[PDB]
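One protein chain, two forms: both are listed below as structure tokens, the first as structure 1 and the second as structure 2.
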Structure 1
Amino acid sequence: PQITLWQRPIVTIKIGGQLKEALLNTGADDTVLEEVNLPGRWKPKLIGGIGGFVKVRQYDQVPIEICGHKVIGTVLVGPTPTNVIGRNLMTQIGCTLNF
């Protein structure tokens, strides 16, 4: 699709057997989601850093559907003020900025 930016670009995703809402965020390197239970192995990752770091669980090669595009990528699971799709998954869906 083509998404204009008059409102926040919130989209529906399908992950770990759930439908969630998340923000398409070109300002974020990584994808961070809260309250999803993902199977298999993970390793801890420190993110943020200003004022301290936040520890999250890094899951690799996660299948995720974003607007009906089935892709694979890293998902960080942990506390976040809002669910964020970052550049790592936007590249996978072939999402670009255009003007």
Structure 2
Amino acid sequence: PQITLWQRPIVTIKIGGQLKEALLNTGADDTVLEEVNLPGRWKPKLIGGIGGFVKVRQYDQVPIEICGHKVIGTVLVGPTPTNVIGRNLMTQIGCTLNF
């Protein structure tokens, strides 16, 4: 699809069997969700935003479905204001910016 930017570009994601929604975010290296049902091990990591740096949980090799495209990648769980899909996953669904 071709998605304009008059509103937040939010799409449906599926993760650990749950429907969530997340913002396609070209300004994020990484994918960050507030809360997942992934039951296993994670590694403590830190990310930075405009305001400073925060602790996240890093989950590796996560099956995740974006907008009906099935991918595998790294999902971070952290204190983000809204779920964001980063470039790490957007590259895998062949997402580009165009003008």
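All residue numbers here refer to structure 1's sequence, counted from 1. Basically, rigid core = biggest C-alpha set you can superpose within 1.5 Å across the two forms. Residues that one form lacks are left out of the comparison.
With a cut-off of 2 Å and the rigid core superposed, residue 41 has a Cα displacement that reaches or exceeds the cut-off between structures 1 and 2. The Cα shift for residue 27 between structures 1 and 2, taken after rigid core superposition, is smaller than 2 angstroms. Its Cα shifted by 1.1 Å, residue 55 is compared between structures 1 and 2 on a rigid core fit.
Regions that shift between structures 1 and 2, defined as runs of three or more consecutive residues whose CA atoms all move by 2 angstroms or more after core superposition, comprise 39 to 41, 49 to 53.
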